[PDB]
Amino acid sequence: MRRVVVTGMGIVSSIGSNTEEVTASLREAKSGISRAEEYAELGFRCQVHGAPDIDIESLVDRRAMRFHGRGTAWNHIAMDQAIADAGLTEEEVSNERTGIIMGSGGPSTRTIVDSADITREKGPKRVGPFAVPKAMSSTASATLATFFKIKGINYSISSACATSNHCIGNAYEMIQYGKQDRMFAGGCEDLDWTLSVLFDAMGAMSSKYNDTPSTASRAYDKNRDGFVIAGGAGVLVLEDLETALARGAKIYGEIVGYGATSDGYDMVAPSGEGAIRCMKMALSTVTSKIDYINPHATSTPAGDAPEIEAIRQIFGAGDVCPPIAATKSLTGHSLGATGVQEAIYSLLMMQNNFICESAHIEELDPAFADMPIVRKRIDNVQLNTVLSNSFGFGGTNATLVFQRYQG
């Protein structure tokens, strides 16, 4: 099986509109979370969100936008960034050996709702002719494959909050097994009340911190009370090692493990044992110690702990365990986009020799007092191997491991 490397990255995030802005936010623990006044207007309990700040119309032209939801438009931007970063020619983007696996947690729920509303108010014709590619679950792959003239693999993986981790893993497999030489992988999510309300109604999102929105997302804090929802996108360019070397690619890291498992337990809560099996599977092909763990940790009361226990079972406790820092405390939870964004955060930390603070821990939950959760940024650290988990409703688990390429 061939080796697979990351040669370009692109990102639209609550903590920055490119990798430079994101790096600065991670380094300085600058929260991306703000008050969502619209949610207050609609009567939500949770009134906080992690919103990108980026001018779409300046970066994607009107004709491309014809078939984009906001999430996939952010994905388009991230794709442009990743192609530029990688330095690809048009020929390298558009060829039979180059594909795309790009997903989202949901489609454009706003398109679905607006279409239903206008059907009832003004008639079906007034839905307009461009709604299907926004409303279908493949929207992220469909739009980008068409606009970037992708000729190889073209589909989306959907796995709720694991989505873009699986997208990367399956793209990794496609290259390992020789079917493709280059893949664009990642995903996106719109940020919209029509999705967010589904989580508010289940009591899944933070509401105790509405008066201090910036600190509402606080994985591992004793008084965490739900995740904070976010939108955005991320893209990695993946290539087989020989293809990358031959064209003088920048190598951000090598993908060296991937796990994917299923809990078979509860629809909306994790079992823990599925995560253990997932991490073991990702680690089974890894031959160095892990220097940093980017957990799934979303700041829910019932979510953060089973993952820590799974980590304990694999890695042990205290100094022997790798440092753990939950980036969702800064970024919120971008659902479909979170796996790829966390891969990018981890690869940027590797590049810049620091591990970010696990932010907004005002009082550590004592159940985690034995674990090396990062309370202050760690500088001048040589990260060679990093692990990132993502999990999703329906008991779906994905883990990726990336390594500094040294030959």
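One rule holds for the numbers: they count along the sequence shown, beginning at 1.
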So, looking at the entry's B-factor column for Cα atoms, which has the higher mean, 267 to 275 or 106 to 114?
267 to 275
On mean Cα temperature factor in this entry, is 232 to 240 or 298 to 306 the higher one?
298 to 306
So if I compare the CA B-factors in the entry for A325, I314, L195, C188, which one is the largest?
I314
Highest recorded Cα temperature factor - choice among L26, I378, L347, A51:
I378
So where's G99 on the chain's Cα temperature factor ranking, which third?
lowest
Of the three thirds of the chain ranked by Cα temperature factor, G169 occupies the lowest
Among the chain's modelled residues, which third holds the C-alpha B-factor of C321?
highest
Just say lowest, middle or highest third for the CA B-factor of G32 relative to the other modelled residues in its chain.
middle
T19 CA temperature factor, ranked by third within the chain
middle
